[PDB]
Structure formats: C-alpha cells, structure tokens
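Undergrad:
Protein chains in written order, with the numbering used here: chain A, 98 to 178; chain B, 154 to 697; chain C, 20 to 135; chain D, 12 to 250; chain E, -1 to 50; chain F, 2 to 268.
So this is what it looks like as structure tokens:
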C-alpha cells in the first residue's frame, strides 16, 4: 500500500497514467522476465510466517575501498559460510 | 442507486463486516474488509459520496485504534486524507501515528518529513520539526534515508553553507548502518574546498591553532599549506572512521546480522527463538552505552516486532527502575504493556509493586477494582490461579490497610476477613477444577497465635472434618499443613500439642486413605516427631 | 534465594500494613520490601546505587572476552543541532586507537584445567 | 527544620531573594484520587479559603467507576509560594488517609510521612536533586515530574529550586479540557485492556483458523527440538 | 450516518454500558443496523461461558 | 572458491540436466548448476548459473565453451563474478576456539573448594535457564554447566561472577564438553593438530520456544504467542507448555522450603 509505488494514493495515478505504452514490438519482446506486480489486495493471510518463506540476509555496511586496509581482520565470533 | 447503497445491500460486505466484528484481533479480516471497501470505490476522488468517505474514515480509525502498532497504515490513511484535499486532518493522523509509538518510529518520521517537505510553506518550522526528529529518532541505526533527506533539504534551502558542515560533522560520529556515504560526501567536500578561510566552517580558529597547529590568516604560498591541511584533516577523519567502523562492524557482525524482522506483523504472528534472543542481547549491549535517546530508541525498536511477548516491556521497566531511578517511567511502561501483551500475569504483578513503591494506594484500589469488575465479582472461578493469587496478596494488603487489628500482639487480620475468607472458600469448594489448592493451605497457616490458629482450625479444617470431602481427606499435604498449623504455636508447650497431634488427629484419618497420606505424613513425622515414628507405624501396619 | 524472596512477597503482603511499610523506606539504599524482592530474583549480587574502564563496557557486545573499544571523548551524538549551531565544535578527542586489532582473552580453561 | 507548613512558608518567603513575583503564562495540573469525598471537602474548603479562585481551580470526574474518584487541581498563574503550599497540603492529605487516620489536622504534617508525588506541567519549559523528569511519558502534550521521599523543608526547598530555574510561557486556553479528554481516553483504553483479560482463550482470536495455521509448524519445531536433544546427546557422549 | 451502528465486543462481552452507539466514537467497529441480531446471536457461547 | 559462470542465450529445449552434463564431467567438476526459468510460466529465459569449486577449472570451462554448440546456438559461458568506493567488508576467522564460538553455551566454572555437590551446583544455576547436566570432575575443583540457550549463559556469567561458593570466590569462563576435552587431551599429548569442533546449532527458525524460560513439571493448548508453546524438560524430552505451570512451580518451591527447613536436601 505504500512501498509498491503503484498502489500509492497521491502519486499512483501518475504511475498508472504514463506507462510508456511501448508501441514498438521489440520493446515488448525484448524483456522475457516476470513483472512481479504486487497488487493492493494482498493481505496478512498470505505469507503468515516470514522465516519459512526464504528471506534474504541483509547487506553488510559498505566501507570505503581506499580505507579498507584498516578493517579488524579478526572477527569476534566464528561465522560459517 | 449510488455505490454506497449498493455497498449496503451487497451480500459480501455484511459477511466480511461480521467476520471482522466477530474476531476483532484477526488482522487479515481487517485487511480483507479494507481492501473490499477500497475496491468498492474504484475511482477514488473528492466527487464521491461523503456518506461512504465517513465510513472509510471510521474503518481506518477503528483499525488504527485496535492495532496502533501498524506503521504503514498511518501513512496510508494520511496520504488518503492528503488525496482527499485537506492536510490538517493528515497532520492529525501523522501526530497520532507518531504518538502511537511515542515519537520513536523511524518510518513514520521519514514519511511525515517527506510529506512535510512540500506542505509546510515555512522554513523555520521545517527546521524545528527536523531538529525534533533529530533529537528523538535521529540516532537510529538504519536512518540513512532520514539523514540523506535532511542533508538534501539543508543543501537545497540553506545558502550560507554552514549548517551542512555542522550536521555532517555530527553524522561522522554517529554509528549508522549506511555510514560510508556520509564519509564519502565529507571526503569529496574536503576536495571541494576553495581557500583556507573555509576551514573556519569546520572548527574554530583556536582549535586549529592548538590541535593542528595551523592558522587561517597565514599568508604566503598557500598551496602546500592547504595540501597539508587536507592531509591532516584526512588523517583525523580516517581515525574517526576507524572508530565508527569498528563500532558499526561490531554491532552488525554480532547483533544486526541476526535479526531478520523489524516490523509489526500482527498479534497472531510468531517470532523465532533466535530473534528474541538477539533482541535481548542487543538491548543488553544498548544499556551499556548509556546514551539515553539511542537506548529508548532501541527499546522502542524492540517493542516494534514483539510487543506481545512481554519480555522487552518488563526488561525496559526494570531498566527504568534500577539504572535510572526513574520509576514513573516504568509505571507508564507497565501501563502501556497492559494494552498489548497477552500474558498479563507478570506485568500486572510487577505493576503492583511499582504502584506500591509510589505510595499511591487509591490508584492501587482503583486498579484492583478493574480486575474484580472484569470478572463481574467471580474471581474465585478463574482458570488461571496466577491472576487470582497476585490479586489476593495485594487485596489482603489493602484490607490490612483499611481495617484495624482484631487479635492481640499487634497482629492484623490477614486472609480471614469477611471480604476475603468467602473468596477463598468459594475457590476451595471445587476440589478438582481450580488449581492452587495447597498453596492457600500452606498460606492460611502463617499466623502463629493462640486464638488465630484456633480460628483457622475452626473455620476450614474442622469444617473439612465435619463434611468429610474426598479430595482433602485423600491428600496428605492437607493434613501436613494442619499439623504444621498446630505444631508451630507460640503459646502452647511441647507435650500438650504433641499429645494433641498424636491422640486426636492420627486416629481420625482413614486407614484405607493413608496410601497417599503416608508419603506426605512420613516426612513430617521424620521431621519433627522422632519417637512417634514406631507408634504411627503400628497404626498403619499391614495387618489388623 | 528466589524461594526466600517469593515467600517473603507472599507473607509480607498478607501480614503488614502501610503504617509499618512507610516507616521502613530509607533513601540510603532505596530499600522497599514490595519491589526489591522482585529485582533481586535474577542476579545474586545487587547494588542499590570512569565507565569506560570498568568490567561492563569492555565485555558489552560479547561476554567472556574483554576488549578496549575505541570511542570519542567529546561525543556530540546527544546534543541537538539547534545547540551545536551556536558555536563551532572543537576537534574530536581520540582514545584507544592503538587497540583496533588487539584483543585479549582471560583463558582460564587452558591454564587451570588443561595445563593444570 | 520543623514539621509545620507555615514556618517553612515563612522561611521560603524570607530567603528566596524577592520570590513574590509570579510566572507569566504558568500552569500546573495535579490529578489526584481519593477513596471518600466528605473528608476531602473540608480540606478543599479550607484551601479555597486560603487560596483564591482565580489562581487555583478544581475539576471533578463523571463518576464512571463509582468507587475511585479522580479530581483535577489546576494551578494557573501561580506564585512560587502558593504552589509549594498547595502541593504540600495535597501531598500530605492524599497519604494521611492511609498513614494517619487519627491525627485529624489538615495543615500539620507529621514526621513519619515522606512526600512522594507526581505532577504534570506543559511541554514549553526551559530549565536553563529530588524532583526528576520522566522518560516515556503517557501524555502526548504534557511532561510528568516526580518527587520522592522528602521531609517538609526539603520539599519546600526542592520545589522552590525547581520553579526558580524553569521558565514557562504561552499556554493554550482550553488545554485543561484537552488534558481531561486525553486522560480519560488513555485510562479508558487501559480499562478496556483489562476488560480484554478474560477474553484471551477462545474469545476473539479466531482460534478455529489459528490451530490449523500452526498445526504442522509446532510439530516440525518439536521434531527439530527432539533432533537437537539427540544431537546434543551424541555430542556429549564419549563412547 | 444512516444504516450503520457502532459496536465493539470488548464492551459487550464484558457486559458494560455504552457497548453500542450510532455516532462515530473512536474504537468501535461499524456494522449494519439490520445485522445487529446476527452479531448478538454469534457471541452466544462466550456469554454463556461467562455467566456459567 | 566457488567460481560462478553465467551461460546465456540458450535454446528452449535445454533443461538443467543437459547444462549439468555439458558443464560438469568435462575436465572439471561443477558443484551446482541452475537455469533461471520464468516465475509462473516454467519456460527457461535462456540464462543459467554454474558454480564450481575451483576457479582454474571454471576458467578453463569458460575458455573452452566460448562459442561451443549448445542445443543449436552459442553457449556464451563467460564469467559473471570475478572503480567504486563501496565494497563489502571481508574478514578472517578466529580459528574456532571455545571463546569465539557463538553457539558455545557451556560455562566452565572453577575456583571451587572441592566441597559443593552436583545437586547444589544445579541449584545455583537452575533459574537462569534450562539445563542438561551438572557433572563435575573429581579432585580438580572445577566443573561444567551446559545450558541450551546462549542468553541464559550470558545471564549466568553476568550474575554469578564474583559470587563466593562456600567461602571461595568463583572463576567463570568458557570451555568445551567432556568428550571434546578428552579429544583435546588425546591430541595434545602427541601435539599433532589439537583442533576443536563447533557446537551444533538449533536448526533455526524455532517459533514455539521462548529463551530463558524454565518449567519443572491432558494439555489443551491454544498455542498463543503471548504465552509459551514448547519447552525443554528438566532431567530429558520436549514438553508442551501447559497453563498450570506457575501453580506446580509454587507447590514445588513450597515443598522445597518444607524439605529444606528440616534437612532432607541441601540444594
């Protein structure tokens, strides 16, 4: 209802208005991946347990590559894989 | 007919509304009903019926009053009211949303400030609102979007080019998750310097003259002078970068790489045993830093996923008690813990002691009135004994507070009050349905007087002997408590009470019922009556 | 100790009044017999009433292993920007920047049990 | 010093360096609770005979609980002495009902009692000890302030040192009714939360779907726990 | 509003006054007026377990 | 190393088995291979990933498959992984001792006076969490307290530190189990490797369990999240958390006070 950026209330009509309707057939036949358009009607009954449906591990805090040589090379805990 | 009349007479709307109002704490029913109401208005505009818009506003208000921890739906209804024309109602919805988390929710501050970047029409009020968000929520770990937005607003609105340096210098000491973008902005803004006189935008001139041994007004060849300035400031920034990098790397690699859920799902959800444990570990780390805004922020962040598990409520209440000596804060924590937690035993038991330390006992009586009226004066037939016993201790304390003593030796009447003994006897008459039977029998024998022990032995124990109920005659712990009542008298001698217990109790109990009494009476006889062991053995022997 | 404190919370709330209770409250050790038996359940030691050099700042994020983490002395993370704009902020004072890789472990298991 | 209110009032009038001027735009709200009304009425009539109507106002409840009343005491445009006097009298009276039912003096404070209370102030304060602020207040607009375990003279000195440093100003006109509505709303919410306490099991949680939603999951978690116990037993076995 | 009634089970299953209303009070669920008997007939077993 | 190669522009009649046969067993050993198909249609999009163990074999396969005939078209098996400022942090390992293991939940206790028993030492460490064994070495004035939770070990070390047991101050640290100590003694007598093993996990996620929760004692459980669902028994099995737990614990502590006032147990 907020983060999908297409079911947004104030600026969702601007997203739904100019689709760039791809009057070229090659622009529609180029991409062959899924759209994954999340509708507004998705409720809490779908995906009840967020850990069984496989999540992603969060990204680490990125550091500057010019100052990457001063990282602590020894970690606190043993991390596997 | 319009869409509102067709919405009333529709068959699905009544069924969805009754399934919502049948189980109000099922959030999926609320979301299906809300999506059906929004689907009923496929054009959403200001030209629709206000008789349906009032129903939409009442539905959102009921959903946000039933579930105030939903972060996205305050944003949804606030931008809905912004779509419907007005912004004062949207500001009221944002204010009650930020009050629902008590000013410590990052997403609502971020969405409210992205809203306020267009609607405020005033610069000083925007700066006061962003500084309020800075002093309350500005120490959040994942607040990169908030500080990126605030630096963007400073770089777009301010023309003096001084407040940006101040805020970015503050950010270079805060342990943020996305922190290296701010260091990269700092390093490319040091590169974007034009002369030496802008070094007063960083610090004062005496701190440059003392710590870095550099002058602003040093005139001459300022090329290598400014290059040495850049090198020394880059070295100081590199040292502070190592400090903040070690802090953020420690917090991530120990704590933040384990928590996968940071949002409020539902009161019906389940959170894994890893995440609860890592929230407790992260808050134990957070208490040690002794930064108060960050500590209250991280406790609110831990109240975000799992406020129904009641552990972080009691932990944050105990932290406000012992570490700060701010106990009204813990009282408000335990008051708001009643509104969300499902296991309301330990929070109310701690809140009793919190109220009793404050010496506000009319508030304690008004609180206990809500428990004794929540059952409609039927607290003796409750399944959970932990509620009734924690009620009964402090209700006995209040009855000792109001009424004076009846017995001698300055002994005030405890559980044997006219408003208390009937509630105990109403529970003891069930004998198989209500647990905590022997707890009262061990706690009604804690008076130790001459007339009060006689009073207790006359009201219940002689009455159990007179009726002859099967459950108390079968259990030997009942007779153990009855013998402990007489044997610890403070007025009788040893020989008279010993003759009493041996002669006029042990022949009274049944011989065929002694199979469950003898494992409980043998311990008492080995405890206090050593020479009376073989006498009791010859009474309960295998042959007549 | 938990059994004694729970039995005292059972007995004291049923055999005392506010007149005895309010005279027993002292401010030298914040002693209150209703709430003090609850806080003393978790830890056996409990005091009633220089932080960076103690034994709690060092093993905060991880127990057993001690370390001296680097910090900033004149930290401005608590002061709002409405007060930091009043005067230019001084240089950051540094400490413990020579132990960013050095960590020590009080290894008792090898020294007292393996190597005797 | 002594245990009398008026001697400490004379002392706090003497050596507080021209403390006769009141505070511009000053407001204080003390919500209190009494078991009975008839004992409260004589002390409040004596207080209105001592303190004027324009400075202090009183607000009753709606009698919804019928056992525990809730009375607002609003001190508006008050001086520093009348605030100390009113707070000393009310903090003595709302604890004398539990400690000393036989003393029978509404303006003489005994030695066995310690003053401990909680009073609200508006948010627009500027302070630039026994009275402390609170963290995580329950009121959206107002700030709760705590005093704990003091004698009479310490209460006088601490309240005067608190009001000599704080700076009030620009209060809203009908903020009293706003605080009344918000206070009633918050405590009606927690009373409804206590009303939700017997309705946990089978009442309003949709148990018929919640059993079937978690029936394989708890079984698989129990199988994981049994596998964890067996793997721990294999890990601790010497063999 | 016509053809509406505001009701919450938190004040009805606890058997308190003011459990139903016709005006927009904060914290109540709006249901239809003709289905209030269907709401009262649905929570019969909880009231029967509360009385017994 | 796990070098990854991205094959692209494949034909429609090429499944994962044909890609695994063309990638593995040809002068290399591909560890994994997966063709990225559609989300709802099931057809392949023409792209696939192949992750091998060695980087040299994957580089040789990418150099040999550059332009090979793959189901009538090209293979395009060039590598996918392997001047920006932002790079992910990389770390080494602490070589897995018994201090730097986050799953290490057993506490080594020392400094005893060789006088405390096993049931009494159980009674010291009982309310901090559920426990499995309290056995101690004889004549060594030390012991081992293994919990199930790591937060329970944190609470035990944070509370029990500096607590004198029988007029003798305690020393709390970490340590391995008895079998791992015997393996370390057997590997240290010859001094060949002296390598340790990590303690096994919990096979997370675990929705029912609540950490730092103890229970000593039909069951009609509603499995509500505010209460407790499952728990570890006190020796050991898995028990469903009933409602009459605080009642049984209260009866047990009253029985413990009654049997400790006389001297039937010292714990």
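For every residue, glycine included, the Cβ atom is placed at its ideal position computed from N, Cα and C.
Does any C-beta atom of chain D lie closer than 8 Å to the C-beta of residue 216/B?
TA: Along the second chain, one-based indexing puts residue 216/B at 63. Closer than 8 Å: no.
Undergrad: Among 322/B, 268/B, 294/B, 353/B, which one has its Cα closest to the Cα of residue 98/C?
TA: Locating residue 98/C in the third chain gives position 79, counting from the first residue. Of the listed residues, the one whose Cα sits closest to residue 98/C is 322/B.
Undergrad: Could you name each continuous alpha helix (DSSP H) segment of 4 residues or more that falls completely within the stretch 179 to 266 of chain B, going from the start of the chain to the end?
TA: You should have 180 to 193, 203 to 219, 224 to 236, 241 to 253.
Undergrad: Can you list the residues of chain A that residue 91/C reaches, using a CB-CB cut of under 8 Å?
TA: Looking up residue 91/C in the third chain gives position 72. Residues of chain A passing the Cβ test: none, with the nearest at roughly 17 Å.
Undergrad: Which word fits residue 702/B, buried or exposed, when buried means at least 16 other C-beta atoms lie within 10 angstroms of its C-beta?
TA: Residue 702/B cannot be examined here, being either before or after the span of chain B that is shown, 154 to 697.
Undergrad: Under 8 Å by Cβ, that's how I've got residue 52/C and residue 43/C pegged, so tell me the actual separation to the nearest angstrom.
TA: As a working note, residue 52/C is residue 33 in the third chain. As a working note, residue 43/C is residue 24 in the third chain. Correct: roughly 7 Å between the Cβ atoms.
Undergrad: Skipping 5 residues on each side, what residues in its chain have a beta carbon closer than 8 Å to that of residue 27/D?
TA: Residue numbering aside, residue 27/D sits at position 16 when the fourth chain is read from its first letter. Correct list, in chain order: 91, 171, 175.
Undergrad: Taking a cut of 8 Å between CB atoms, which residues from the stretch 10 to 33 of chain E lie near chain D?
TA: Cβ contacts with chain D come from 11, 12, 14, 24, 25.
Undergrad: Any beta carbon from chain F within less than 8 Å of residue 131/C's own beta carbon?
TA: Locating residue 131/C in the third chain gives position 112, counting from the first residue. Chain F, which has a Cβ nearer than 8 Å to the Cβ of residue 131/C, makes this yes.
Undergrad: To the nearest whole angstrom, what separates the beta carbons of residue 699/B and residue 577/B, a pair I think is in contact under 8 Å?
TA: No answer is possible for residue 699/B: it lies beyond the span of chain B, which begins at 154 and ends at 697.
Undergrad: For the stretch 384 to 418 of chain B, enumerate the residues whose C-beta is nearer than 8 Å to any C-beta of chain A, in chain order.
TA: Against chain A - using a Cβ distance shorter than 8 Å - the residues of the stretch 384 to 418 of chain B are 391, 394, 395, 398, 399, 401, 402, 403, 405, 406, 407, 409, 410, 413, 414, 418.
Undergrad: Is it right to say residue 249/D is buried, meaning 16 or more other beta carbons lie within 10 angstroms of its own, or is it exposed?
TA: The residue given as residue 249/D occupies position 238 in the fourth chain. Exposed is the call here.
Undergrad: Please confirm whether residue 1/E has its beta-carbon closer than 8 Å to some beta-carbon of chain B.
TA: Numbered from 1 along the fifth chain, position 3 holds the residue referred to as residue 1/E. So, interface residue.
Undergrad: Could you give the distance in angstroms between the alpha-carbon of residue 122/F and the alpha-carbon of residue 524/B?
TA: Along the sixth chain, read from residue 1 onward, the residue named residue 122/F stands at position 121. Along the second chain, read from residue 1 onward, the residue named residue 524/B stands at position 371. Their backbone Cα atoms lie some 41 Å apart in a straight line.
Undergrad: Just the chain D side, please: which residues come within less than 8 Å of residue 148/F by C-beta, in chain order?
TA: Numbered from 1 along the sixth chain, position 147 holds the residue referred to as residue 148/F. Simply none; closest approach about 11 Å.
Undergrad: Would a C-beta distance cut-off of 8 Å place residue 96/D and residue 39/D closer than the cut-off?
TA: By 1-based counting over the fourth chain, the position of residue 96/D is 85. By 1-based counting over the fourth chain, the position of residue 39/D is 28. The answer is no: Cβ separation not under 8 Å.
Undergrad: Run through the DSSP bridge pairs and tell me what residue 38/F is partnered with.
TA: As a working mapping, residue 38/F is identified with position 37 in the sixth chain. Paired residues: 45/F.
Undergrad: Between which residues of its own chain and residue 25/F is the CB-CB distance below 6 Å, once the five residues before and five after are set aside?
TA: Counted from its first residue, the sixth chain places residue 25/F at position 24. Cβ within range, chain order: 31.
Undergrad: Counting only runs of 3+ residues fully inside the stretch 424 to 502 of chain B, write out the beta strand (DSSP E) ranges in chain order.
TA: Listed in chain order, nothing qualifies, since the stretch 424 to 502 of chain B has no complete beta strand (DSSP E) run of 3 or more residues.
Undergrad: Say whether the stretch 203 to 213 of chain D touches the stretch 490 to 506 of chain B, bearing in mind that this needs 3 or more beta-carbon pairs closer than 8 Å, one atom from each stretch.
TA: They touch, by the three-pair rule.
Undergrad: Can you pull the chain D neighbours of residue 492/B, defined as C-beta to C-beta under 7 Å?
TA: As a first step, residue 492/B is located in the second chain; it is residue number 339 there, counting from the start. 200, 201, 204, listed in chain order.
Undergrad: Does the beta-carbon of residue 20/C have 16 or more other beta-carbons within 10 angstroms, so that it is buried, or is it exposed?
TA: Position 1 of the third chain, counted from the first residue, corresponds to residue 20/C. Looking at its Cβ environment, which holds fewer than 16 other Cβ atoms inside 10 Å, residue 20/C is exposed.
Undergrad: Quick check on DSSP: helix, strand or coil for residue 167/F?
TA: For the purposes of this step, residue 167/F is identified with residue 166 of the sixth chain, where counting begins at 1. Residue 167/F: coil per DSSP, three-state reduction.
Undergrad: Taking the alpha carbon of residue 387/B as the point to measure from, which residue in 489/B, 397/B, 343/B has its own alpha carbon closest?
TA: Here residue 387/B refers to the residue found at position 234 when the second chain is read from its first residue. Residue 343/B is the option with its Cα nearest to residue 387/B.
Undergrad: The beta strand (DSSP E) spanning residue 232/F covers which residue range?
TA: Residue mapping note: residue 232/F aligns to position 231 of the sixth chain, counting from 1. From DSSP, the beta strand (DSSP E) with residue 232/F extends over 231 to 233.
Undergrad: Answer yes or no: do residue 239/F and residue 233/D have a C-beta to C-beta separation smaller than 8 Å?
TA: For this step, residue 239/F is matched to residue 238 along the sixth chain. For this step, residue 233/D is matched to residue 222 along the fourth chain. Yes, the Cβ-Cβ distance between residue 239/F and residue 233/D is below 8 Å.
Undergrad: Taking only beta-carbon positions, decide if residue 45/E is within less than 8 Å of chain B.
TA: The residue you call residue 45/E lines up with position 47 of the fifth chain. Not an interface residue.
Undergrad: Just the Cα atoms here: how many angstroms apart are residue 463/B and residue 521/B?
TA: Along the second chain, read from residue 1 onward, the residue named residue 463/B stands at position 310. Along the second chain, read from residue 1 onward, the residue named residue 521/B stands at position 368. Straight-line Cα distance between these residues: approximately 21 Å.
Undergrad: Under a CB-based cut-off of 8 Å, is residue 219/D close to chain F?
TA: Sequence index remark: in the fourth chain, residue 219/D carries index 208 (1-based). No - not a single Cβ of chain F is within 8 Å of the one on residue 219/D.
Undergrad: Specify, as a first and last residue, the run of the beta strand (DSSP E) that residue 43/D falls within.
TA: On the fourth chain, residue 43/D is found 32 positions in, with the first residue counted as 1. Unbroken beta strand (DSSP E) run through residue 43/D: 38 to 43.
Undergrad: Where DSSP assigns a beta bridge to residue 6/F, which residues make up the other side?
TA: Position 5 of the sixth chain, counting from 1, holds the residue named residue 6/F. Note: residue 6/F sits in a beta bridge opposite 51/F, 80/F.
Undergrad: Given a cut-off of 8 Å, decide if residue 554/B and residue 566/B are closer than it, judged by their beta-carbon atoms.
TA: On the second chain, residue 566/B is found 413 positions in, with the first residue counted as 1. On the second chain, residue 554/B is found 401 positions in, with the first residue counted as 1. No, the Cβ-Cβ distance between residue 566/B and residue 554/B is not below 8 Å.
Undergrad: Please state whether the Cβ-Cβ distance between residue 68/E and residue 214/D is less than 8 Å.
TA: What the structure shows of chain E is the stretch from -1 to 50, and residue 68/E is not part of that stretch, so it cannot be assessed.
Undergrad: With a threshold of 6 Å on Cβ separation, who are the neighbours of residue 58/F within its own chain once the five nearest residues in sequence on each side are excluded?
TA: The residue you call residue 58/F lines up with position 57 of the sixth chain. The residues are 29.
Undergrad: Tell me whether residue 91/C, by its Cβ, gets closer than 7 Å to a heavy atom of the ligand HEM.
TA: Absent from the structure shown: the ligand HEM. Ligands present: none.
Undergrad: DSSP three-state label for residue 235/D, please.
TA: Locating residue 235/D in the fourth chain gives position 224, counting from the first residue. Three-state DSSP puts residue 235/D in a helix.
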